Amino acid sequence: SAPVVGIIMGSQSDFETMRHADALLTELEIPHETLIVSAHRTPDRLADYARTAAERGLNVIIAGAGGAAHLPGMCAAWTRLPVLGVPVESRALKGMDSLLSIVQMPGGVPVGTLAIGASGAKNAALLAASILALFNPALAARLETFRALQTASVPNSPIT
């Protein structure tokens, strides 16, 4: 089935984080593509990817980047689609640079930013699902089931 979410990242090393988005989309049966696009080393690849995303049938882009993390914001500059950004944990600053580089977009070009690291990647997929669910009833039901199970599965007391 044709992809409706694009997951992009600058490097193979980012996939240790972004794989969590990939897995969650698959769990919710959301067709998607998962690609490497580097803002700094392949800027024309990024421009083409972002400019053509909507016409290719993508509805949401999930972009992960670390350090001076420009991939989500520059993707948003070229597409009218919602772009969700995942800050990848960086070695020295532990993703604080990633986070500020992604979330602090000036007024006019949004990036919906999730938590640093694997939690954020999982949540970017879930946020993409909640967006798609607004106009896909079958997915909405699967997401409802997912949320209800998550709630029902929380234990009542810890183990010593």
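Each residue number is its position in the shown sequence, starting from 1.
In this entry, 148-156 has the higher mean Cα B-factor, the comparison being between 148-156 and 5-13. The PDB entry reports B-factors from which the mean C-alpha value can be compared for 41-49 and 23-31; the larger average falls on 23-31. In the deposited entry, the Cα temperature factor of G108 places it in the middle third of its chain's modelled residues. Among all modelled residues in its chain, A92 ranks in the highest third by Cα B-factor. When the modelled residues of the chain are ordered by C-alpha B-factor, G64 sits in the lowest third.
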